[PDB]
RNA sequence: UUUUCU
RNA sequence: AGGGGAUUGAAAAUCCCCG
RNA sequence: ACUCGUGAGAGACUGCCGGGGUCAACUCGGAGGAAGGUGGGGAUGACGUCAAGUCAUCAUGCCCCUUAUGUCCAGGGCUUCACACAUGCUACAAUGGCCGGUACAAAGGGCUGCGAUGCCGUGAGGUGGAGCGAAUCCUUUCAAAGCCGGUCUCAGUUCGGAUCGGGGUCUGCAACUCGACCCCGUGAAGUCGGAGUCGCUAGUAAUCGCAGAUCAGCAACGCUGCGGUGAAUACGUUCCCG
Ligand SMILES: [Mg+2]
Ligand SMILES: [Mg+2]
Ligand SMILES: [Mg+2]
Ligand SMILES: [Mg+2]
Ligand SMILES: [Mg+2]
Ligand SMILES: [Mg+2]
Ligand SMILES: [Mg+2]
Ligand SMILES: [Mg+2]
Ligand SMILES: [Mg+2]
Ligand SMILES: [Mg+2]
Ligand SMILES: [Mg+2]
Ligand SMILES: [Mg+2]
Ligand SMILES: [Mg+2]
Ligand SMILES: [Mg+2]
Ligand SMILES: [Mg+2]
Ligand SMILES: [Mg+2]
Ligand SMILES: [Mg+2]
Ligand SMILES: [Mg+2]
Ligand SMILES: [Mg+2]
Ligand SMILES: [Mg+2]
Ligand SMILES: [Mg+2]
Ligand SMILES: [Mg+2]
Ligand SMILES: [Mg+2]
Ligand SMILES: [Mg+2]
Ligand SMILES: [Mg+2]
Ligand SMILES: [Mg+2]
Ligand SMILES: [Mg+2]
Ligand SMILES: [Mg+2]
Ligand SMILES: [Zn+2]
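Residue numbers (the working numbering), protein chains in the order written: chain A, 483 to 598; chain B, 5 to 159; chain C, 56 to 115; chain D, -18 to 63; chain E, 4 to 129; chain F, 132 to 142; chain G, -5 to 202; chain H, 92 to 190.
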């Protein structure tokens, strides 16, 4: 189907389907689908437009998802990078921010290994 | 085993069937030491064999096993700075073992979506002599008769 | 052990959390058991000498 | 994070000093060794010399910077690279 | 009354043997409810089969310690000692099939310098 | 508005 | 790093603890009191050979039995030394202190003391081989003594390199658990350093 | 009815024998009901330490501490027996909690 | 078979 | 040729990767 | 009465029978027996080696500092990072993941400690203090893998959890540099791993949780232990290593 700018996969149980939305994960799904009254055990094929309507209304009402979310998070990073916070400096260097071990690992920040 | 042949273990009998062959099979599919899992996998494979061929499971297992059971093998020895693969006769037990473990290993490499299925389709296909495991026994025999010259080491 | 630190850990701290242990006998900071207030070394000593009542070598 | 139930941490030292500064309406450079006091709206416009362990660094407090412990803004170790 | 005890690797069971039919009561459940594995059921039923006295005795049990398998083994031994208590002369048969041997296998003390029991840490001579 | 975010927490 | 401490090996069995008491709550206290006491008594009297110190505690009352070569130097007949010591034990304040001095009977069957002898001679100027041999014969004379092994190591003669030297007579069955062995160890203070002296004296066997 | 529980602790085993004997006798002599030297489980506190200063972490030594406990339940506390148990002198190794 | 030096 | 692994008690030789 | 708890005691000695043995030691089989041949595992390191380790546990000879190379405090560092090695942990999925129901341990730990029912939270936890210096009370009557059932259909995925954002709780004078834990989102590498190489011979390997010491808190995936489920193979000394 189609929801909030997403394209729901062909056949998934609803709870797994909603997870393709950038703002939702499995928990928010077992919340949303409980609140709407739509079963989580339904396929994507059996979804209706009415259901898509109530859904879009609910989740746009109580929850921020997708583009706005992305823009906001990028906004918080660029914010703490601006004021010159320590975390900012870490984000700058492309190093780990949470006070982890940079002597050895941290490759998921640094990226692939480039040898000297 | 520098001091002599070490003792061997008393494989019990399978409660549902009564072959020690079968429990031997569970003990080659036994992984990480959940014997319960192995048990129901094996039993299931025998049942699926039963419905597909419509005939007794133990029998088809024995037949399969005997079609992949190699008589002849190749043991490596480095001699005079040239390494020679050597034909060697196998005593019976090492053969049942080698055949079983072959069956299983090539069972794990099937596409059939479940162990209980892959295993069954593999036994069933070793019955008809179709499977890649039977091809394996063939490979060993082939590479045994190829080297027949080097049997003269008789080692 | 610098006598300074030894007598400095016996003082009342100005924060409850600055209190550390530092074994009685040699005054070693690391590896100090609470029951005996000894550090593994001094403990293995007095244990072997029999001056620790009811401690003894173990086997099982 | 310090828990809410306790309320935000500012040592009495620069609490007093910053109160004296903003009551006399004078904004000075206050010399502090406390890295550990979080920032309050009372501090919003002032300037701080905070200790980085080698020296005192100038820190101008702004609005976006509230909620943060001070020494966040004076880095400690110097890394230029290799 | 008859009583006996099996023990296998940190599992004790106490067995009471009774003259009735082939019912098994282990801690208030049937032999199929407790030990729901064909292997274990075979193990516990085996001494009876060896003495061919199967289904002449209602067995009551109290199981503790160990696990499913340990408790199974212990249980088998207890049963087999009870059968020497009922009719001594079976002992040559039973003890030939090994049912009267206490399994002298128990967990190893983990040793220091090693990881568990016999497994040593990795070693590199570089 | 970081100061409002501050005052919501503590206030 | 070789042989364990004989005294510690046989501890549950052939030999006994040097101090008796029991408390769970007060344990840590009691032990710092002990390291205190044995520090004071090791420092104060080196004149009269100190064999052992056994300490006992019941509630308030505390009892220190010191085994010593010659008890006469540990108490002036006027009770002077006894006073000094009871004073030090009141400064450690285990509260009440009953101080008892017991002279060990055979001075040369006691490993600690023999050791002190060898150590003293080695300390003055004495040629080390001599001191060894002397202790050996002495100890070996007395009836209970079965075998004895004296091992002294260090800079010996003040030579710069570390010699070890060891002498044995009769039986010294170390790995026997039923063998009563007495161990003793002393560090003799010298111009060139410290030199260690270990003595094993094997007296019979304990059977229980 | 009054039950006095005399509880016994020691590091050493045979001293617990000595005290067992002593008090069982002191009680039997004064004619009160003594349930006797009932054994409890032994506590074991284990400490593994390293042997050397400075590395070699692989070579270690285990030390143990055992505590043996005995129950002595004295039923019908004759005031005489009571006066005797308050006056019993036990070894330095033995702990007597009379409760 | 091949294996140089410290 | 050079850099990093690997065999080596440590180097050569050899074996893998790399720019 | 059965366990069990901890005290004393019996019991394995080639003792009993058959064969080889030089009629010697010892070896191959059998019986009895819970166990058979040093039953299993510990503790136990000979004379010495390596100028191995440690003047930072301690002690110490000699040399050096004594207006500092002593000592007191705040802040910082010991956690930095283009790299390279080493030991571990989680993985790469269906013998699996996720939801529901359900069965079985061993050992341990506890005073300014362990802290229950109840109530407030989604959950870390908050409020409260039953009861215990503990075979009693608390750690829930203790587990997890197991079994029964449902769903997922082989996919960079309902695999994988790194990373990053927001929101919290607790410990502490104080979580910025530098704590752990929980909630919501985020969702990377990774498709069994080149040359090489390591461990292990039976309750072992493999896998599964549990407790402890240190400790206010924790970098614990570590260390020391406890138990659960539990294999394969050993023809044999030619080859590598000692
Ligand atoms: Mg601390
Ligand atoms: Mg400490
Ligand atoms: Mg285990
Ligand atoms: Mg040359
Ligand atoms: Mg021996
Ligand atoms: Mg040696
Ligand atoms: Mg050296
Ligand atoms: Mg020193
Ligand atoms: Mg010095
Ligand atoms: Mg130094
Ligand atoms: Mg400081
Ligand atoms: Mg610091
Ligand atoms: Mg470090
Ligand atoms: Mg390295
Ligand atoms: Mg790790
Ligand atoms: Mg795991
Ligand atoms: Mg997942
Ligand atoms: Mg997982
Ligand atoms: Mg479940
Ligand atoms: Mg045990
Ligand atoms: Mg609730
Ligand atoms: Mg429950
Ligand atoms: Mg995922
Ligand atoms: Mg990829
Ligand atoms: Mg895949
Ligand atoms: Mg490979
Ligand atoms: Mg071995
Ligand atoms: Mg801790
Ligand atoms: Zn110490």
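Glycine is no exception: its CB is placed at the ideal position from the N, C-alpha and C atoms.
Residue i (DSSP reduced to helix, strand or coil)
i: residue 245 (chain G); result: Past the boundaries of the shown model lies residue 245 (chain G); chain G is included only from -5 to 202, so the question cannot be answered.
i: residue 27 (chain G); result: helix
i: residue 158 (chain H); result: strand
i: residue 66 (chain G); result: helix
i: residue 177 (chain G); result: strand
i: residue 155 (chain B); result: helix
i: residue 593 (chain A); result: coil
i: residue -13 (chain D); result: helix
i: residue 139 (chain H); result: strand
i: residue -2 (chain G); result: coil
i: residue 33 (chain G); result: helix
i: residue 69 (chain C); result: coil
i: residue 42 (chain D); result: coil
i: residue 194 (chain G); result: strand
i: residue 7 (chain B); result: coil
i: residue 62 (chain C); result: helix
i: residue 136 (chain F); result: helix
i: residue 502 (chain A); result: helix
Integer-rounded CB distance, given that residue j should sit under 8 Å from residue i
i: residue 90 (chain G); j: residue 144 (chain G); result: At roughly 41 Å, the Cβ-Cβ gap does not stay under 8 Å, so residue 90 (chain G) and residue 144 (chain G) are not in contact.
i: residue 63 (chain B); j: residue 23 (chain B); result: With a Cβ gap of about 10 Å, residue 63 (chain B) and residue 23 (chain B) do not count as contacting.
i: residue 20 (chain D); j: residue -6 (chain D); result: Not a contact, Cβ separation roughly 15 Å.
i: residue 69 (chain E); j: residue 120 (chain E); result: The Cβ separation is near 18 Å, so there is no contact.
i: residue 146 (chain G); j: residue 108 (chain G); result: No, residue 146 (chain G) and residue 108 (chain G) are not in contact; Cβ-Cβ is about 12 Å, not under 8 Å.
Proximity test, residue i beta-carbon vs ligand 29 heavy atom, cut-off 8 Å
i: residue 93 (chain C); result: yes
Own chain, CB closer than 6 Å to residue i, minus 5 neighbours either side, in chain order
i: residue 159 (chain H); result: 101, 104, 107 and 133
i: residue 69 (chain C); result: none
i: residue 190 (chain H); result: 96
i: residue 570 (chain A); result: 562 and 563
i: residue 152 (chain G); result: 186
i: residue 82 (chain G); result: 34
i: residue 533 (chain A); result: 520
i: residue 76 (chain C); result: 87
Closer than 8 Å: residue i CB and nearest ligand 20 heavy atom
i: residue 497 (chain A); result: no
i: residue 13 (chain E); result: yes
Closer than 8 Å: residue i CB and nearest ligand 3 heavy atom
i: residue 62 (chain E); result: no
i: residue 110 (chain E); result: yes
i: residue 120 (chain E); result: yes
Any non-hydrogen atom of ligand 2 closer than 8 Å to residue i Cβ
i: residue 87 (chain C); result: yes
i: residue 75 (chain C); result: yes
Check: residue i C-beta below 8 Å from any heavy atom of ligand 1
i: residue 568 (chain A); result: no
i: residue 72 (chain C); result: yes
Closer than 8 Å: residue i CB and nearest ligand 6 heavy atom
i: residue 110 (chain G); result: no
Nonlocal neighbours in the same chain, by C-beta distance under 7 Å from residue i, ignoring five residues either side
i: residue 497 (chain A); result: 508, 511, 512, 515 and 522
Contact set for residue i: own chain, Cβ-Cβ below 8 Å, skip 5 residues either direction
i: residue 141 (chain B); result: 71, 72, 73, 74, 103 and 106
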